[PDB]
Amino acid sequence: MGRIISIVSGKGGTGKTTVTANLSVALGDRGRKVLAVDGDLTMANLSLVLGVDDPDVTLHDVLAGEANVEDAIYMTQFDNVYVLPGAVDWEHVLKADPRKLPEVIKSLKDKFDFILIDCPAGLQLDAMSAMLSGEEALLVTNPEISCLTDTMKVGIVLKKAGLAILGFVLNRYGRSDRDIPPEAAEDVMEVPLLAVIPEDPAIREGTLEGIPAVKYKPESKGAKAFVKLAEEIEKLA
Ligand SMILES: Nc1ncnc2c1ncn2[C@@H]1O[C@H](COP(=O)(O)OP(=O)(O)CP(=O)(O)O)[C@@H](O)[C@H]1O
Ligand SMILES: [Mg+2]
Numbered sequence: 001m002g003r004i005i006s007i008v009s010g011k012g013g014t015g016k017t018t019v020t021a022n023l024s025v026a027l028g029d030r031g032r033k034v035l036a037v038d039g040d041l042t043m044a045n046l047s048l049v050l051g052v053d054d055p056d057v058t059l060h061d062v063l064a065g066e067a068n069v070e071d072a073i074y075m076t077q078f079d080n081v082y083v084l085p086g087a088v089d090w091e092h093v094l095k096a097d098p099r100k101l102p103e104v105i106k107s108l109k110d111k112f113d114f115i116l117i118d119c120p121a122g123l124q125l126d127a128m129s130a131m132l133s134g135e136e137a138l139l140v141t142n143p144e145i146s147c148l149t150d151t152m153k154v155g156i157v158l159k160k161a162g163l164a165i166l167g168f169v170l171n172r173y174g175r176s177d178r179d180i181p182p183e184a185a186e187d188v189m190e191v192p193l194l195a196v197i198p199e200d201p202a203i204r205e206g207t208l209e210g211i212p213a214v215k216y217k218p219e220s221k222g223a224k225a226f227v228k229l230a231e232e233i234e235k236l237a
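Note that the authors' numbering has the sequence shown beginning at 1, numbered continuously upward.
Written out as structure tokens, the structure reads:
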């Protein structure tokens, strides 16, 4: 295949990393070879959430012209799920040219069915460099108003950029009484509502565990909701 999807959001604290990880494990669970990429150069976190603790070679090394991206790809405890991890030390952050992300990531378009990029929130250089590395985009958002709005903005900036907006994800729903319902928030974003990820403590349990919820606690609500998302994402092709 070769679908490079960018997991993005306009605000933050929305659950981009959670989505990237659970979705990855979900797709890989359906026989799809997937590469989870950590595009948050300033605060690497994706690999940790995926159980890959101390990688020697990271995306930062590659973006610094220090290593070939092929040596920054690691196996994870999950089937068909590989990760392109990011370093955390400051020096690495500095020497990592975010502008090379698109060329680096797209050079992997033929070795995976899906390349899911975890993108840092915002429109700054790092965020932009990351989001603009994908061909498709998955908007992640919370049932908040200021959130649903910004995220929507970002959707267009990327649509104008040439990325195909696949739709959004309403994450954390059922967290508050004042949470915007589904269809409502749907005819607001103005893009298909691909899935509703409930506020489930199980998702947080998976995070700390280093084993995405969809796999760690299979029967949980969050787990099932992500498996469906997997189906919805696959259908879009
Ligand atoms: N639907 C949900 N129910 C319960 N907890 C959830 C959740 N979605 C995300 N979380 C939890 O909320 C925290 C923040 O999620 P996440 O790490 O994915 O955010 P993010 O990647 O968008 C942050 P940042 O902007 O810094 O990149 C995590 O600890 C995660 O386990
Ligand atoms: Mg994150």
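Beta carbons: idealized from backbone N, C-alpha and C, even for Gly.
From the listed residues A223, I4, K159, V104, the smallest Cα separation to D61 is found for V104. Taking the C-beta atoms as reference points, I4 is found no nearer than 8 Å to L166. Annotated three-state conformation of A202 is helix, per DSSP. For the pair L48 and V83, the Cα-to-Cα distance works out to about 10 Å.
In this structure, the C-beta of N142 stays at least 7 Å away from each heavy atom of ligand 2. Relative to ligand 1, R30 has its C-beta separated by 7 Å or more from all heavy atoms. Assigned with DSSP and collapsed to three states, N171 falls in strand.
DSSP places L23 inside the alpha helix (DSSP H), whose first and last residues are 16-29. Judged by DSSP secondary structure, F114 falls within the beta strand (DSSP E) whose first and last residues are 114-118. Residue pairing for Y82: DSSP places it in a beta bridge opposite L35, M75. In this structure, the straight-line span from the alpha carbon of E190 to that of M152 is close to 8 Å. When DSSP reads this structure, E136 sits in a beta bridge with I5, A164.
The Cβ neighbour count for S220, taken over all protein chains shown within 10 Å, is at least 16; the residue is labelled buried. Taking non-hydrogen atoms of ligand 2 into account, the C-beta of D200 is found less than 7 Å away from none of them. Annotated three-state conformation of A130 is helix, per DSSP. Between the segment 59-75 and the segment 91-101 there are three or more C-beta pairs closer than 8 Å, enough to call the two in contact.
In the structure shown, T58 adopts coil according to DSSP, grouped into three states.
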